[PDB]
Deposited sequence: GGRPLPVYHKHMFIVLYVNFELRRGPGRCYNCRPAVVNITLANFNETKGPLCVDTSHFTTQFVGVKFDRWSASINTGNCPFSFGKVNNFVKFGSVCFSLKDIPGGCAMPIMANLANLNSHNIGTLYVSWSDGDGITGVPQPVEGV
């Protein structure tokens, strides 16, 4: 068994005169056990569990959208082999990562890419 953990954190610019609804000045998106120069983190499991660890303070919150993906992070379901990355996987899906200000702006701050085979 193995967990697939996507960490999403962001911070607003410090005052004075901070723009509360602007795109967060600091953004830290980490996919656990992923190295950009080795490529997609693919599944080595008989079963795996996805965990989303998004920041939430006051009206600000992080979320991962479904994007152009037949599934959603969390609700994944049979697999041949599924791969995850924070860089483009040609032939896969793109799950947008957003920083959302409740009832105001939403900001795209990253992208999770998923790939899979049938089985």
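According to the record, no C-alpha positions are given for deposited positions 1-10, 87-89, 133-145, numbered from 1.
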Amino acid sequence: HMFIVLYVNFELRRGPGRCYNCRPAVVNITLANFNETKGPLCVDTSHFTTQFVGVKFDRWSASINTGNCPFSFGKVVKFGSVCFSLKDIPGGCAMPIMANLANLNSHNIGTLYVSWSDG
From here on, numbers count along this sequence of modelled residues.
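If you average the C-alpha B-factors over 5-13 and over 91-99, the higher value belongs to 91-99. Across the two stretches, 31-39 and 56-64, the PDB entry reports the greater mean Cα temperature factor for 31-39.
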